[PDB]
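S.K.: Structure supplied as entry.tsv; contents: TSV, C-alpha atoms.
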```tsv
chain	number	residue	atom	x	y	z
J	1	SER	CA	-5.21	53.27	-67.21
J	2	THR	CA	-8.90	54.01	-67.57
J	3	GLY	CA	-11.44	54.60	-70.31
J	4	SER	CA	-14.78	56.39	-70.43
J	5	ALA	CA	-17.21	56.33	-73.34
J	6	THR	CA	-20.74	57.60	-73.86
J	7	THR	CA	-23.35	55.05	-74.91
J	8	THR	CA	-26.44	56.22	-76.82
J	9	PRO	CA	-29.81	54.58	-77.45
J	10	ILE	CA	-30.33	53.51	-81.06
J	11	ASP	CA	-33.97	54.58	-81.12
J	12	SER	CA	-36.73	56.17	-79.03
J	13	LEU	CA	-37.50	52.91	-77.20
J	14	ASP	CA	-33.97	52.19	-75.93
J	15	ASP	CA	-33.99	48.95	-77.96
J	16	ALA	CA	-30.18	48.90	-77.67
J	17	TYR	CA	-27.26	51.24	-77.05
J	18	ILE	CA	-24.26	52.03	-79.26
J	19	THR	CA	-20.82	53.11	-78.15
J	20	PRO	CA	-18.12	54.46	-80.50
J	21	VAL	CA	-15.01	52.26	-80.76
J	22	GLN	CA	-11.77	53.08	-82.57
J	23	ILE	CA	-10.29	50.15	-84.53
J	24	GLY	CA	-7.02	50.17	-86.45
J	25	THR	CA	-4.47	52.72	-87.59
J	26	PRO	CA	-5.53	55.30	-88.64
J	27	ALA	CA	-8.59	54.85	-86.47
J	28	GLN	CA	-11.78	53.54	-88.00
J	29	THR	CA	-14.67	54.42	-85.69
J	30	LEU	CA	-17.53	51.94	-85.52
J	31	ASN	CA	-20.58	52.09	-83.27
J	32	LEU	CA	-20.77	48.84	-81.36
J	33	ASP	CA	-23.36	47.25	-79.10
J	34	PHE	CA	-21.60	46.54	-75.79
J	35	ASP	CA	-22.94	43.17	-74.72
J	36	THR	CA	-22.30	41.75	-71.23
J	37	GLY	CA	-24.16	38.63	-72.41
J	38	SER	CA	-21.59	37.52	-75.04
J	39	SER	CA	-17.83	37.46	-75.54
J	40	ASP	CA	-17.04	38.21	-79.18
J	41	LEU	CA	-16.00	41.58	-80.60
J	42	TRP	CA	-17.27	41.33	-84.17
J	43	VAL	CA	-17.80	43.95	-86.86
J	44	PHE	CA	-19.35	44.57	-90.22
J	45	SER	CA	-16.39	44.70	-92.58
J	46	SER	CA	-15.09	44.88	-96.12
J	47	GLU	CA	-15.45	41.08	-96.06
J	48	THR	CA	-19.18	41.06	-95.23
J	49	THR	CA	-21.39	39.71	-98.05
J	50	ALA	CA	-22.47	42.89	-99.85
J	51	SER	CA	-26.19	42.05	-99.91
J	52	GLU	CA	-26.11	41.76	-96.10
J	53	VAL	CA	-24.77	45.28	-95.56
J	54	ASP	CA	-27.37	48.11	-95.42
J	55	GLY	CA	-26.06	51.39	-94.04
J	56	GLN	CA	-23.58	50.11	-91.44
J	57	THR	CA	-20.07	51.48	-91.15
J	58	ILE	CA	-17.55	48.78	-92.02
J	59	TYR	CA	-14.07	47.92	-90.78
J	60	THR	CA	-11.57	47.56	-93.61
J	61	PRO	CA	-8.52	45.71	-92.31
J	62	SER	CA	-6.52	46.38	-95.50
J	63	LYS	CA	-6.57	50.11	-94.63
J	64	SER	CA	-5.14	49.54	-91.15
J	65	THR	CA	-1.36	49.45	-90.78
J	66	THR	CA	-1.72	47.53	-87.50
J	67	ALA	CA	-4.16	44.84	-88.71
J	68	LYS	CA	-2.85	41.27	-88.94
J	69	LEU	CA	-4.79	38.21	-90.06
J	70	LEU	CA	-5.17	35.69	-87.27
J	71	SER	CA	-4.34	32.91	-89.67
J	72	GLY	CA	-6.69	29.94	-89.69
J	73	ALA	CA	-9.08	31.44	-87.14
J	74	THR	CA	-12.84	31.45	-87.69
J	75	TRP	CA	-15.83	32.37	-85.54
J	76	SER	CA	-19.54	31.70	-85.55
J	77	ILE	CA	-22.11	32.86	-83.04
J	78	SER	CA	-25.85	32.56	-82.44
J	79	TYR	CA	-27.72	34.75	-79.97
J	80	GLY	CA	-30.79	34.19	-77.79
J	81	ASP	CA	-32.98	36.08	-80.26
J	82	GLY	CA	-32.08	33.68	-83.07
J	83	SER	CA	-29.74	36.08	-84.84
J	84	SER	CA	-26.25	35.02	-85.94
J	85	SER	CA	-22.99	36.00	-87.64
J	86	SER	CA	-19.71	34.35	-88.62
J	87	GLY	CA	-16.39	35.06	-90.29
J	88	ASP	CA	-12.64	35.24	-89.84
J	89	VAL	CA	-10.36	37.16	-87.46
J	90	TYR	CA	-7.81	39.96	-87.42
J	91	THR	CA	-5.84	41.33	-84.53
J	92	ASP	CA	-5.67	45.11	-84.36
J	93	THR	CA	-5.50	48.06	-82.00
J	94	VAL	CA	-8.86	48.84	-80.35
J	95	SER	CA	-9.60	51.89	-78.20
J	96	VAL	CA	-12.70	52.63	-76.14
J	97	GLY	CA	-13.05	56.02	-74.54
J	98	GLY	CA	-9.30	56.61	-74.44
J	99	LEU	CA	-8.34	53.10	-73.27
J	100	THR	CA	-6.25	51.19	-75.82
J	101	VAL	CA	-5.70	47.45	-76.28
J	102	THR	CA	-3.11	46.29	-78.79
J	103	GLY	CA	-3.54	42.85	-80.33
J	104	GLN	CA	-7.30	42.66	-79.76
J	105	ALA	CA	-9.13	39.98	-81.72
J	106	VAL	CA	-11.44	41.80	-84.13
J	107	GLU	CA	-13.81	39.26	-85.65
J	108	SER	CA	-14.64	40.23	-89.20
J	109	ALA	CA	-18.10	39.20	-90.39
J	110	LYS	CA	-18.40	37.38	-93.67
J	111	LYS	CA	-22.08	36.65	-93.00
J	112	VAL	CA	-24.70	38.22	-90.74
J	113	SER	CA	-28.37	37.32	-90.25
J	114	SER	CA	-31.22	39.55	-91.38
J	115	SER	CA	-31.75	41.20	-87.99
J	116	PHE	CA	-28.26	42.67	-88.13
J	117	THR	CA	-28.55	43.81	-91.74
J	118	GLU	CA	-31.85	45.49	-90.95
J	119	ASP	CA	-30.38	47.48	-88.07
J	120	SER	CA	-28.39	50.25	-89.75
J	121	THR	CA	-27.33	51.79	-86.42
J	122	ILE	CA	-25.30	48.82	-85.10
J	123	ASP	CA	-21.90	48.23	-86.74
J	124	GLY	CA	-21.07	45.19	-84.59
J	125	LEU	CA	-20.92	43.86	-81.03
J	126	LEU	CA	-18.31	44.18	-78.29
J	127	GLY	CA	-18.71	41.28	-75.87
J	128	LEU	CA	-18.10	41.79	-72.16
J	129	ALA	CA	-19.10	38.41	-70.73
J	130	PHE	CA	-16.38	35.95	-69.72
J	131	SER	CA	-13.85	34.93	-72.35
J	132	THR	CA	-14.81	31.27	-71.94
J	133	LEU	CA	-17.82	32.03	-74.18
J	134	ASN	CA	-15.71	33.42	-77.03
J	135	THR	CA	-16.37	31.49	-80.25
J	136	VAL	CA	-13.04	31.85	-82.06
J	137	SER	CA	-11.58	28.51	-83.18
J	138	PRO	CA	-9.07	26.86	-82.90
J	139	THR	CA	-7.71	29.39	-80.38
J	140	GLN	CA	-10.33	31.06	-78.19
J	141	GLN	CA	-9.77	34.78	-77.85
J	142	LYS	CA	-10.04	37.23	-74.94
J	143	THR	CA	-12.59	40.02	-74.63
J	144	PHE	CA	-11.54	43.67	-74.75
J	145	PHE	CA	-12.06	43.85	-70.98
J	146	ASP	CA	-9.94	40.75	-70.31
J	147	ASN	CA	-7.12	42.13	-72.46
J	148	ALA	CA	-7.34	45.56	-70.79
J	149	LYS	CA	-7.60	44.21	-67.24
J	150	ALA	CA	-3.96	44.15	-66.17
J	151	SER	CA	-3.47	47.74	-67.34
J	152	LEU	CA	-6.57	49.08	-65.62
J	153	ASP	CA	-6.31	51.00	-62.36
J	154	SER	CA	-8.96	48.61	-61.01
J	155	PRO	CA	-10.19	45.42	-62.76
J	156	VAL	CA	-13.73	46.69	-63.28
J	157	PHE	CA	-16.06	48.25	-65.78
J	158	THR	CA	-19.35	50.01	-65.08
J	159	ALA	CA	-22.60	50.35	-67.03
J	160	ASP	CA	-24.69	53.48	-66.47
J	161	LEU	CA	-27.41	53.22	-69.10
J	162	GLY	CA	-29.85	56.06	-69.65
J	163	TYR	CA	-33.64	56.02	-69.87
J	164	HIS	CA	-34.40	57.59	-73.24
J	165	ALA	CA	-31.01	59.28	-72.93
J	166	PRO	CA	-27.29	58.65	-73.27
J	167	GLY	CA	-25.26	56.97	-70.55
J	168	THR	CA	-21.72	55.84	-69.87
J	169	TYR	CA	-19.43	52.82	-69.89
J	170	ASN	CA	-16.34	53.30	-67.73
J	171	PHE	CA	-13.31	51.01	-67.58
J	172	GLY	CA	-10.91	50.82	-64.69
J	173	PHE	CA	-12.63	53.09	-62.16
J	174	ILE	CA	-15.86	53.68	-60.27
J	175	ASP	CA	-17.30	57.20	-60.71
J	176	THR	CA	-18.56	57.98	-57.21
J	177	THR	CA	-20.56	60.96	-58.57
J	178	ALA	CA	-22.64	58.75	-60.85
J	179	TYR	CA	-24.85	57.09	-58.24
J	180	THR	CA	-26.69	57.80	-55.00
J	181	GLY	CA	-26.34	55.89	-51.74
J	182	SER	CA	-24.00	52.91	-51.62
J	183	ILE	CA	-23.15	50.12	-54.07
J	184	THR	CA	-24.37	46.71	-52.94
J	185	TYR	CA	-22.19	43.85	-54.21
J	186	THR	CA	-23.44	40.35	-54.85
J	187	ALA	CA	-21.79	37.05	-55.81
J	188	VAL	CA	-21.28	35.99	-59.41
J	189	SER	CA	-21.14	32.51	-60.86
J	190	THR	CA	-18.99	32.23	-63.99
J	191	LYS	CA	-19.93	28.56	-64.57
J	192	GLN	CA	-22.02	29.42	-67.66
J	193	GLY	CA	-19.72	32.25	-68.79
J	194	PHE	CA	-22.18	35.00	-67.84
J	195	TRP	CA	-22.39	37.66	-65.17
J	196	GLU	CA	-24.79	35.36	-63.35
J	197	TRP	CA	-26.13	36.32	-59.92
J	198	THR	CA	-29.10	35.74	-57.63
J	199	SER	CA	-31.63	38.48	-56.90
J	200	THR	CA	-33.20	38.29	-53.44
J	201	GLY	CA	-36.75	39.05	-54.54
J	202	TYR	CA	-39.20	41.54	-55.98
J	203	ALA	CA	-42.10	43.90	-55.37
J	204	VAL	CA	-44.81	45.20	-57.70
J	205	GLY	CA	-45.62	48.87	-57.29
J	206	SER	CA	-46.20	49.73	-53.64
J	207	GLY	CA	-46.76	46.06	-52.80
J	208	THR	CA	-44.95	44.07	-50.15
J	209	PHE	CA	-41.56	42.70	-51.09
J	210	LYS	CA	-41.51	38.97	-51.84
J	211	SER	CA	-38.31	37.32	-50.64
J	212	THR	CA	-37.37	34.70	-53.20
J	213	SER	CA	-34.18	33.75	-54.99
J	214	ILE	CA	-34.09	34.60	-58.69
J	215	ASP	CA	-30.98	33.43	-60.56
J	216	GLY	CA	-30.31	35.50	-63.68
J	217	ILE	CA	-27.73	37.28	-65.83
J	218	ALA	CA	-26.85	40.96	-66.10
J	219	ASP	CA	-27.08	41.44	-69.86
J	220	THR	CA	-26.64	44.87	-71.47
J	221	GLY	CA	-27.26	43.24	-74.86
J	222	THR	CA	-30.85	42.28	-74.06
J	223	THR	CA	-33.52	44.97	-74.23
J	224	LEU	CA	-36.10	43.69	-71.75
J	225	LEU	CA	-36.37	42.13	-68.29
J	226	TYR	CA	-37.14	38.39	-68.50
J	227	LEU	CA	-38.24	36.73	-65.26
J	228	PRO	CA	-40.11	33.59	-64.18
J	229	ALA	CA	-43.72	33.37	-65.32
J	230	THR	CA	-45.00	33.55	-61.72
J	231	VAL	CA	-43.26	36.92	-61.15
J	232	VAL	CA	-44.31	38.32	-64.53
J	233	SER	CA	-47.93	37.30	-64.05
J	234	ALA	CA	-47.97	39.01	-60.63
J	235	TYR	CA	-46.69	42.20	-62.25
J	236	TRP	CA	-49.14	42.35	-65.16
J	237	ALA	CA	-52.10	41.39	-62.95
J	238	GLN	CA	-51.74	44.93	-61.55
J	239	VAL	CA	-52.21	46.58	-64.96
J	240	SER	CA	-55.77	47.12	-66.14
J	241	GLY	CA	-56.36	45.42	-69.45
J	242	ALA	CA	-53.00	43.66	-69.63
J	243	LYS	CA	-52.81	40.21	-71.17
J	244	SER	CA	-50.36	37.74	-72.63
J	245	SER	CA	-50.77	37.57	-76.40
J	246	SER	CA	-49.42	34.53	-78.20
J	247	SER	CA	-49.90	36.32	-81.53
J	248	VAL	CA	-47.75	39.26	-80.44
J	249	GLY	CA	-45.30	37.16	-78.43
J	250	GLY	CA	-45.71	38.43	-74.87
J	251	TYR	CA	-47.58	40.70	-72.51
J	252	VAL	CA	-49.31	43.74	-73.97
J	253	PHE	CA	-51.32	46.43	-72.22
J	254	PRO	CA	-53.52	49.32	-73.25
J	255	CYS	CA	-51.63	52.45	-73.74
J	256	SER	CA	-54.20	54.19	-71.47
J	257	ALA	CA	-53.00	52.19	-68.45
J	258	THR	CA	-50.67	53.34	-65.70
J	259	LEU	CA	-47.71	51.03	-65.16
J	260	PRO	CA	-46.59	50.24	-61.62
J	261	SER	CA	-42.91	50.26	-60.74
J	262	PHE	CA	-41.04	46.97	-60.30
J	263	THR	CA	-38.52	46.48	-57.53
J	264	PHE	CA	-35.79	43.84	-57.52
J	265	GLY	CA	-33.58	42.80	-54.63
J	266	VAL	CA	-29.80	42.93	-54.52
J	267	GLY	CA	-28.90	41.47	-51.16
J	268	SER	CA	-30.70	43.65	-48.62
J	269	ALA	CA	-30.80	46.55	-51.11
J	270	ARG	CA	-33.54	47.39	-53.60
J	271	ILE	CA	-33.51	48.73	-57.16
J	272	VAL	CA	-36.74	50.36	-58.32
J	273	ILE	CA	-37.57	50.30	-62.03
J	274	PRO	CA	-40.05	53.14	-62.66
J	275	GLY	CA	-43.24	52.19	-64.47
J	276	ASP	CA	-42.38	54.34	-67.47
J	277	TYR	CA	-39.28	52.17	-68.14
J	278	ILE	CA	-41.59	49.17	-68.72
J	279	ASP	CA	-43.48	50.82	-71.65
J	280	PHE	CA	-42.15	49.76	-75.09
J	281	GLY	CA	-44.84	51.46	-77.09
J	282	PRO	CA	-47.34	50.34	-79.70
J	283	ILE	CA	-46.99	46.78	-81.02
J	284	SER	CA	-47.38	48.27	-84.50
J	285	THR	CA	-47.66	51.87	-85.64
J	286	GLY	CA	-50.97	53.39	-84.56
J	287	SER	CA	-52.00	50.50	-82.31
J	288	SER	CA	-53.53	51.09	-78.90
J	289	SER	CA	-51.85	47.89	-77.67
J	290	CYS	CA	-48.48	48.56	-76.06
J	291	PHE	CA	-45.68	46.04	-75.57
J	292	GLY	CA	-44.50	45.34	-72.04
J	293	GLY	CA	-40.92	45.63	-70.86
J	294	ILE	CA	-41.19	42.74	-68.38
J	295	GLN	CA	-41.70	39.37	-70.04
J	296	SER	CA	-41.55	35.71	-69.14
J	297	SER	CA	-38.24	33.86	-69.33
J	298	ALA	CA	-40.04	30.51	-69.69
J	299	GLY	CA	-38.43	28.68	-72.56
J	300	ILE	CA	-35.33	30.90	-72.67
J	301	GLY	CA	-33.83	28.71	-69.99
J	302	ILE	CA	-32.42	31.64	-68.04
J	303	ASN	CA	-33.67	34.81	-66.41
J	304	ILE	CA	-32.23	37.96	-67.95
J	305	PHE	CA	-31.75	41.31	-66.25
J	306	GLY	CA	-31.60	43.26	-69.50
J	307	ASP	CA	-31.55	46.98	-70.19
J	308	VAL	CA	-34.99	47.62	-68.60
J	309	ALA	CA	-33.53	46.56	-65.26
J	310	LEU	CA	-29.94	47.71	-65.66
J	311	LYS	CA	-30.82	51.27	-66.77
J	312	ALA	CA	-32.48	51.78	-63.37
J	313	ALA	CA	-29.08	51.27	-61.68
J	314	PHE	CA	-25.41	52.10	-61.70
J	315	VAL	CA	-23.88	48.64	-62.28
J	316	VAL	CA	-20.34	47.51	-61.43
J	317	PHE	CA	-18.94	44.52	-63.28
J	318	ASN	CA	-16.06	43.55	-60.99
J	319	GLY	CA	-13.60	41.31	-62.78
J	320	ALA	CA	-11.33	40.70	-59.82
J	321	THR	CA	-10.08	37.14	-59.28
J	322	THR	CA	-13.41	36.47	-57.58
J	323	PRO	CA	-15.87	38.36	-59.77
J	324	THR	CA	-18.84	40.18	-58.30
J	325	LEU	CA	-21.62	42.53	-59.41
J	326	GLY	CA	-22.50	45.83	-57.75
J	327	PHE	CA	-25.75	47.75	-57.99
J	328	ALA	CA	-26.52	51.28	-56.83
J	329	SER	CA	-29.52	53.55	-57.28
J	330	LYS	CA	-28.93	56.72	-59.25
```
Go through the file and emit its structure as structure tokens.

M.R.:
Amino acid sequence: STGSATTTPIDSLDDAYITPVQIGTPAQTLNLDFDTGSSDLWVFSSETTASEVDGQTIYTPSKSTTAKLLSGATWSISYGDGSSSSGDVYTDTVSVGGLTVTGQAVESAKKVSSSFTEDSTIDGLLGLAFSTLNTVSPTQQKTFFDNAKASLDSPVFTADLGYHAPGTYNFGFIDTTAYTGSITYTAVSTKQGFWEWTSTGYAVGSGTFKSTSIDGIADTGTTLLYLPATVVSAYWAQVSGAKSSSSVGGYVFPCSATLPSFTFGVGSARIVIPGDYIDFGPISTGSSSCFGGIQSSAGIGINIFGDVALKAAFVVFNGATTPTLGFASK
């Protein structure tokens, strides 16, 4: 089997992407944030505290003939941005882009933090990291991808995120028309539960490539590119007027400046992030100070190849017995 679903930016900055997912019988369609940096499929629901729901579409398990309480099971998650959610669990039929999993754990939110309430466009998350990070207790649950794997034509999914435009998540096949050149594959460590890999270096604009190992995660659920402070400083030093602002919480630059591209290494291959992808617009409405799309990872504890980086590539998440990551230009 295979599946193919379009993913769409939630706003004009590409802050996140939503993908429609069918849950239950008859189908209830929710728009979920596909997140290769976590491993829980959770949704706003009829059980979510009413005051914490503001415009989201909710899953109502009582209206699904295929929903079953996963008795005794609870979940609770916190994300890198300080947001969180928790609740109980149902199993139900879940389909993404034509690909159906029966018995998928659907984690129903009883509580969500303010960031989720305030984002009316995101009805929940669909985790695509390794199932070892799943938070369901007492019995850890498998991700949608892990459940689908044995039925898929090939044990892979791909992320083809758009710049200020829709893109695609495919399951079970590699669309050879969706990228240019070849796909370069690189080793993954699953020791932390992430799609963790090592970039071979970077270049700023037309500058010489610096060969240096950068360990990080491929995370579709993070907006920006977070790299070591040395790398990030070298980038912003090439932007007139750029500075790190502790009041704003990162590097800002005058909206009159031209942004250089940023290249990262995948083995001997190179992915070029165009300068425009690094512009996240005014820090506040009407400001001439713009927020940068490359920021320091210092104090996160991990480097994160988020959407800024991934949307510059066609990315293969290979869940074979020995997992790997593939990157192609497009």

S.K.: At most 10 Å from (-6.3, 42.8, -81.5), file frame, all atoms listed in the file: which residues, as JSON, numbers by chain?

M.R.: {"J": [23, 24, 41, 66, 67, 68, 69, 70, 89, 90, 91, 92, 93, 94, 101, 102, 103, 104, 105, 106, 107, 141, 142, 143, 144, 147]}

S.K.: Give me, please, the distance in Å between CA of residue 283 in chain J and CA of residue 271 in chain J, quoted to one decimal.

M.R.: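 Separation of CA of residue 283 in chain J and CA of residue 271 in chain J: 27.5 Å.
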
S.K.: Tell me, counting only C-alpha atoms, for each residue of range 174-205 of chain J within 9 Å of range 114-132 of chain J, which pair of atoms is nearest and how far apart they are in Å to one decimal, in rows ordered by chain and increasing number, as a Markdown table.

M.R.:
```
| residue | atom | partner | partner_atom | distance |
| --- | --- | --- | --- | --- |
| J:190 | CA | J:130 | CA | 7.3 |
| J:192 | CA | J:132 | CA | 8.6 |
| J:193 | CA | J:130 | CA | 5.1 |
| J:194 | CA | J:129 | CA | 5.4 |
| J:195 | CA | J:129 | CA | 6.5 |
```

S.K.: Taking only C-alpha atoms into account, name the residue in J:29, J:22, J:223, J:74 that is nearest to residue 10 in chain J.

M.R.: J:223

S.K.: If we count all atoms listed in the file, what is near residue 208 in chain J at a cut-off of 12 Å, once residues fewer than 6 positions away on the same chain are taken out, given as a PyMOL selection string?

M.R.: chain J and resi 201-202+262-264

S.K.: Can you work out which one of J:139, J:245, J:318, J:213 has the shortest atom-to-atom distance to residue 291 in chain J, counting only C-alpha atoms?

M.R.: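 That would be J:245, the residue with the smallest distance to residue 291 in chain J.
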
S.K.: What is the distance, in Å and to one decimal place, between CA of residue 322 in chain J and CA of residue 37 in chain J?

M.R.: 18.4 Å

S.K.: So that I can see what lies close to residue 203 in chain J, please list as number ranges by chain the residues with an atom at most 12 Å from it, counting all atoms listed in the file and leaving out residues fewer than 2 positions away in the same chain.

M.R.: J: 199-201, 205-212, 231-232, 234-235, 238, 260-265, 270-274

S.K.: Which one of J:310, J:113, J:100, J:54 sits closest to residue 222 in chain J if you count only C-alpha atoms?

M.R.: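 Between J:310, J:113, J:100, J:54, the residue approaching residue 222 in chain J most closely is J:310.
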
S.K.: In the coordinates of the file, take the point (-29.3, 53.2, -72.5) and a cut-off of 10 Å; then, counting all atoms listed in the file, name each qualifying protein, DNA or RNA residue as a count of residues only.

M.R.: 29

S.K.: Contacts of residue 96 in chain J at 8 Å or less, counting all atoms listed in the file, minus same-chain residues fewer than 2 places along, as a list in words?

M.R.: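 Once the adjacent positions are removed, what remains is residues 3, 4, 5, 20, 21, 22, 94, 98, 99 and 100 of chain J.
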
S.K.: Rounded to one decimal in Å, what is the spacing between CA of residue 43 in chain J and CA of residue 110 in chain J?

M.R.: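 Between these atoms lies a distance of 9.5 Å.
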
S.K.: My list of candidates is J:188, J:227, J:304, J:204. Which is closest to residue 259 in chain J when distances are computed with all atoms listed in the file?

M.R.: J:204

S.K.: Using only C-alpha atoms, which of the listed residues (J:148, J:301, J:140, J:293) sits closest to residue 215 in chain J?

M.R.: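 Smallest distance to residue 215 in chain J is found for J:301.
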
S.K.: Which of these residues is nearest to residue 241 in chain J, using all atoms listed in the file: J:290, J:309, J:269, J:217?

M.R.: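 Selected residue with least distance to residue 241 in chain J: J:290.
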